[PDB]
Amino acid sequence: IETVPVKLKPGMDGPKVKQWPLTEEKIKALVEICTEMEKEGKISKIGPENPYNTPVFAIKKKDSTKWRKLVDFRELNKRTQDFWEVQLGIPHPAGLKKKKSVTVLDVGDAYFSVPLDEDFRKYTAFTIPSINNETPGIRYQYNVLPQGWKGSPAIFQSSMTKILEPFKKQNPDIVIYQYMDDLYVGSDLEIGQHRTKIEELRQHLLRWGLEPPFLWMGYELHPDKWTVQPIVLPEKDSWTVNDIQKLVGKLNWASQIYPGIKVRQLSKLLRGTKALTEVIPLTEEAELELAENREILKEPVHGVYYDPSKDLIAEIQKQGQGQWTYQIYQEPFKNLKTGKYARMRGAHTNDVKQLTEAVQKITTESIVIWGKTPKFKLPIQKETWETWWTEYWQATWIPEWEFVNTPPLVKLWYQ
Amino acid sequence: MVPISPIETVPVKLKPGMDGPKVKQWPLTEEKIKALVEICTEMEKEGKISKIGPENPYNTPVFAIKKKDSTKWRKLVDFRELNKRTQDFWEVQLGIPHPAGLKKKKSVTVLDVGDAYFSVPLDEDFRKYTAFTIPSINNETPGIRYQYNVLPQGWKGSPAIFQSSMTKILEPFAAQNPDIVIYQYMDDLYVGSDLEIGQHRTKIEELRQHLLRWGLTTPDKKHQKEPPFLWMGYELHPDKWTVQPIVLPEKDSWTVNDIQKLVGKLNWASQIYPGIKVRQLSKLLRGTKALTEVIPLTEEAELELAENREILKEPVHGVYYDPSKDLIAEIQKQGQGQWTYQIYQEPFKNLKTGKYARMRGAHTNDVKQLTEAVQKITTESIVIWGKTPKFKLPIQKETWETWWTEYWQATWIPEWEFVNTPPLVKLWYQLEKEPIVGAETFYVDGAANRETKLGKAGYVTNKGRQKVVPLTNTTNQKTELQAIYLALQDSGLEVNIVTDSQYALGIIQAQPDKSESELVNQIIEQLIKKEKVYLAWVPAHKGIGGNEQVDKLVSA
Ligand SMILES: Cc1cc(/C=C/C#N)cc(C)c1Nc1ccnc(Nc2ccc(C#N)cc2)n1
Ligand SMILES: OC1NC=Nc2cccc(F)c21
Ligand SMILES: [Mg+2]
């Protein structure tokens, strides 16, 4: 009810980010949403003495028909002071990734009950554009904690802990982790039990609230079943020259990750200048070397540790037929997680929609495991991604990304 | 008197840490001083400026400029220094409407709102920074000191604050009259509708009456400006639009500057004249910016210019947007990285046209360029109309499917249909997914000495076919490409090629059909002639038969 003082980082002005082009349906949705927010006091119109701007668009969350306003506060979040005053940080719960069900709640509507520091509000300015710039863009700023801003969970944290005390005391084995506008609630109960505890939890926030438009939803995950991708080599009875070449190439790559990998004896099978399709019998020396390599590859990579002070990097490869591989790492060749998708939803003839869904799933995994989002290296031309990703986005956060323009040879090794 | 509502002031600040201007007033002639004193007395009578005491420490210089061919002087207060120190503002005019996104209107009336400008008060706490001094006659008394009470012409914040103040005044009128449009440009309001003229003129009078609520008077003797409007380089008419006349000069010899001006005109023209091209003429501007340097026009530039003159021989107009109809965008390949497009709703009635040029880069292909053009038109269309057009593209559906399913990147083009108008975009080659049974296998390699730039490229095959070629003035990368070229030259229609060059694989896996490297282009021409090609990569220096032998032959 009283505002927490907020500042930008030293020697740092507010965001001045261009609003990107919006479709007619998104503009009309935003006009309707913002007219109601304004009536409710959450936002107010601003004048030309506020030169700041942050982009806005609109999404439909997974399984809903109602538009949600999404502000892209990535720039404001970079420029906002860090929040360690009451707590150096919320030590990330390593047990969340171990639960049999984790449900993700959109709780961001709660933030609107806390006023934003009057001196910081100008920095949350945003614009609803008009088609063809025929009328002046509608300019607003927030009067309350905005969804998507990194300060909002920080400032609301005291209020959230208090709302949740009764549920936590009564259900002590539940893991509850907050990330931006999401609440992650992990249990090891039967899903019907689980859903009921989730609904129990909603009521505490409905109760406190006295309506939240997306609180009723639930994104159900199951991280104990999350799969990884170790390095595996083919098991064959007939090896062609080409097969052995590909094997030697894969093993050479793997030897950058794993010390003791050897290819001497396998390379020796190819002596001469043979046709690619010719079948080569493995010698005993080569079968032994291969077996030794297989055994090395069953072990974990050496010297792999997470440093919370370093960025997480996520790489994605398109494998075809709807399949995507990915790796999350901080240092080259020291993967912290690898994985693979294929279940790409309602996107069989759309690569970009599939990639956008993969980016969201990887980010979700990253949040659950380390409590932060990775920086993506995306296999797509910048202009294609920027034109389309907002059409498929369903999450209330947005990670950072860069673009890969040269085809990586290593895609082959993750197939 | 009738009370009027005040116009809310915008609070204004100087940039952090800066103070107001303290700029010396230049000496003026006795003649200019008398003129400024009379001018400012009138401005003061009208409430625009007020005299101030000597405490105010700020100053901005004032000038007197003779309005040409008149005995009347005009005052100029030079706010350059205050502007450097004034905060930045939100500028709403950054995006200007494109005519092709406008809607047809039966009537458009203009209203002069120049007098309103001076009903807009300046933030009381900022006025002190606008102080200026008329020097005294003979410098024998203190100069007369004034500050502004209204938005000064030439001050940084005046356009943004005037527009935002007028928009706020206009908002309830527009909201409650959804059957008109209102647009502010300079000191004029443009009001458009589809109403019968009597109702339309009624709305205009009602608007004049709304404006009076703030004491804002508009001239009775209605505006002289009438359709067609000359606005931002366009001509707007009630039911069509075009660019203002495009006249390409005749010239016996061309300067850098002339060619820059020519290309700018062509670019402007290309939004409604279909087919405009500027590649060859822009090529002439490469690198140099000596504005007076003469450049001979290539024969290719002369043909491009001649083709453009023909396109521009007679007027072309665009139609306005009908939201009840779909938007269609059709694209053609023009050659040399150039693409042209038309956006229409009814056949043969374009809303607008435009062009797209290949991005600078080492290697490229037509499918990528077409995709980029689609992505550009899509974004332009979202800006102008708020929706993606349906596309008509010169690429077969099966070609696109083969491309995107096998391309290493994610890629997508929105709803489209094939239009069979040459030249068609096609896939010139496609590499095999598996080694070819029965096709000879070429193990290729090259190497170069970094100091002497001498090198070798060659191959050895499973049939004992071998070649090594000595090369001069070369590099490891070039020799690695030369080796693949040799294998393609000397093989039959089906071939397996084994390379250890990550560089060459990176290029070939990008699937170029044209390159800045003539060696890559030679490789592409060979690939086009094959029936099947499988390219296999192996790590260098690993004892891999075939690879090891050729590496030995070429590194010697
Ligand atoms: C952007 C704009 C510039 C001018 C005028 C600028 C200046 N000078 C005048 C108006 C009224 C507008 N605003 C809009 C908005 C929607 N449709 C239209 N269509 C429209 C406008 C003018 C003519 C005509 N003749 C025909 C149709 N204009
Ligand atoms: O940029 C322009 N704006 C308006 N009219 C023009 C006429 C010729 C060239 C040109 F660049 C322009
Ligand atoms: Mg070599």
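In the text below, chain A, chain B and the rest are named by the order of the sequence lines, each starting its count at 1. Scope of the values below: all heavy atoms of this structure, side chains included, with no hydrogens, waters or symmetry mates.
Every residue was checked against the ring-ring contact (aromatic ring centres under 6.0 Å, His included) condition with A/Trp67, not counting sequence neighbours, and none meets it. With sequence neighbours left out, the ring-ring contact (aromatic ring centres under 6.0 Å, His included) criterion links B/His363 to no other residue. For A/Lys16, the side chain to side chain donor-acceptor pair (under 3.5 Å) partners are B/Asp88, not counting sequence neighbours. Judged as a side chain to side chain contact (heavy atoms under 4.5 Å, CB included), and not counting sequence neighbours, the contacts of B/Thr340 are B/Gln332, B/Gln334, B/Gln342. For B/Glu525, there are no side chain to side chain donor-acceptor pair (under 3.5 Å) partners two or more places apart in sequence or in a different chain. The side chain to side chain contact (heavy atoms under 4.5 Å, CB included) check on A/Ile138 picks up A/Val31, A/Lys45, A/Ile128, A/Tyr140, with sequence neighbours excluded. Taking the ring-ring contact (aromatic ring centres under 6.0 Å, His included) definition, one finds that A/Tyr326 meets it with A/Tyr341, sequence neighbours left out. With sequence neighbours excluded, the residues forming a side chain to side chain contact (heavy atoms under 4.5 Å, CB included) with B/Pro228 are B/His237, listed by chain and number. Residues satisfying the side chain to side chain donor-acceptor pair (under 3.5 Å) test with A/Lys353, not counting sequence neighbours, are none. Applying the ring-ring contact (aromatic ring centres under 6.0 Å, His included) criterion to A/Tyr219, with sequence neighbours excluded, gives no partner residue. Remark: A/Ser366 engages A/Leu312, A/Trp370, A/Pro374 in a side chain to side chain contact (heavy atoms under 4.5 Å, CB included) (not counting sequence neighbours).
Here the side chain of A/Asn132 pairs a donor or acceptor atom with the backbone of B/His98 at under 3.5 angstrom. In this structure a side-chain-to-backbone donor-acceptor pair under 3.5 Å is present from A/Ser64 to A/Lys66. B/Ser193 places no side-chain N or O within 3.5 Å of a backbone atom of B/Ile180 that could act as its donor or acceptor partner. Remark: the backbone N or O of A/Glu383 is paired with a side-chain donor or acceptor of A/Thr387 at under 3.5 angstrom. Using a distance-only test at 3.5 Å, with no hydrogens or angles considered, a donor-acceptor pair links the side chain of A/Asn77 to the main chain of A/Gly148. Judged purely by atom type and a 3.5 angstrom limit, A/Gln19 uses its side chain to pair as donor or acceptor with the backbone of A/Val56. Judged by distance alone, with hydrogens and angles left aside, the side-chain atoms of A/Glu36 form no donor-acceptor pair with the main-chain N or O of A/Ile33 at under 3.5 Å. Side-chain N or O atoms of B/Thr378 include none that pairs as donor or acceptor with a backbone N or O of B/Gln375 at under 3.5 Å. Using a distance-only test at 3.5 Å, with no hydrogens or angles considered, a donor-acceptor pair links the side chain of B/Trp268 to the main chain of B/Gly233. In this structure a side-chain-to-backbone donor-acceptor pair under 3.5 Å is present from B/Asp513 to B/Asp366.
A salt bridge links A/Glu134 with B/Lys103; the closest basic N to acidic carboxylate O contact falls under 4.0 Å. The pair B/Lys376-B/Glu372 does not meet the salt-bridge criterion, since no charged nitrogen lies less than 4.0 angstrom from a carboxylate oxygen. Between B/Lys352 and B/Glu380, at least one side-chain nitrogen of the basic residue sits less than 4.0 Å from a carboxylate oxygen of the acidic one, meeting the salt-bridge criterion. The pair A/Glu25-A/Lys28 does not meet the salt-bridge criterion, since no charged nitrogen lies less than 4.0 angstrom from a carboxylate oxygen. By the 4.0 Å N-to-carboxylate-O rule, A/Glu391 lies close enough to A/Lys26 to be salt-bridged with it. Ion pair B/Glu304/B/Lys277 not flagged as a salt bridge, since none of the NZ, NE, NH1 or NH2 atoms sits closer than 4.0 Å to an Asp/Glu carboxylate oxygen. Taking a cutoff of 4.0 Å between a charged side-chain nitrogen and a carboxylate oxygen, A/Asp181 and A/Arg68 qualify as a salt bridge.
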Item to complete: Just do the salt bridge (charged side-chain N to carboxylate O under 4.0 Å, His left out) check on B/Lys313 and B/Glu310 with the steps written out, would you?
Response: CA-CA 5 Å; B/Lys313 76 180 184 182; B/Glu310 192 65 23; 3.7 Å; yes
Fill in: Verdict with reasoning, B/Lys390 to B/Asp326, per salt bridge (charged side-chain N to carboxylate O under 4.0 Å, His left out)
CA-CA 8 Å; B/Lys390 295 205 295 296; B/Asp326 282 330; 2.4 Å; yes
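Atom NZ of A/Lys60 has more than 12 neighbouring heavy atoms from other residues, nucleotides or ligands inside a 6.0 Å radius.
Considering only heavy atoms from C-beta on, B/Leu281 comes within 4.5 Å of B/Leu266 through its side chain. Looking at heavy atoms from C-beta onward, A/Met217 lies in side-chain contact with A/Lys61 at the 4.5 angstrom threshold. Between B/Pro238 and B/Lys105 the shortest side-chain heavy-atom distance does not fall below 4.5 Å. Counting only heavy atoms from C-beta outward, the side chains of A/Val71 and A/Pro55 never approach each other to under 4.5 Å. Residues B/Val374 and B/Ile377 fail the side-chain proximity criterion, which asks for heavy atoms closer than 4.5 Å. Residues B/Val278 and B/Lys355 have side chains in contact (heavy-atom distance under 4.5 Å, counting atoms from C-beta outward). Contact check for A/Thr356 versus A/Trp385: side-chain heavy atoms found under the 4.5 Å cut-off. Contact of the A/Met37 side chain with the A/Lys69 side chain is registered, since non-hydrogen atoms from C-beta on lie closer than 4.5 Å.
Under the side chain to side chain donor-acceptor pair (under 3.5 Å) criterion, the residue pairs touching residues 411-423 of chain B are B/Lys392-B/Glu417, with sequence neighbours excluded.
Screening B/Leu351, B/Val319, B/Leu102, B/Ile272 for a side-chain contact (heavy atoms from CB on, under 4.5 Å) involving B/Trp241 leaves a single residue, B/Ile272.
Between A/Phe57 and A/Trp20, the distance separating the two ring centers is shorter than 6.0 angstrom.
Defined by atom type and a distance below 3.5 Å, a donor-acceptor pair is missing between the side-chain atoms of B/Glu235 and B/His317. Between the side chains of B/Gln409 and A/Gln381, at least one donor-acceptor pair of N or O atoms lies under 3.5 Å. A donor and an acceptor atom, one from each side chain of B/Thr364 and B/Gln369, are located under 3.5 Å apart.
For the atom pair CG (A/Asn53) and CG (A/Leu76), the distance works out to 11.5 Å, reported to the nearest 0.5 Å. Interatomic distance, B/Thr353 OG1 to B/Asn350 CG, rounded to the nearest 0.5 Å: 6.5 Å. Atom CD1 of A/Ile27 and atom CG of A/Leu22 lie 5.5 Å apart (nearest 0.5 Å).
Ring planes of A/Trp388 and A/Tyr392: parallel class, angle under 30° (limits at 30 and 60°).
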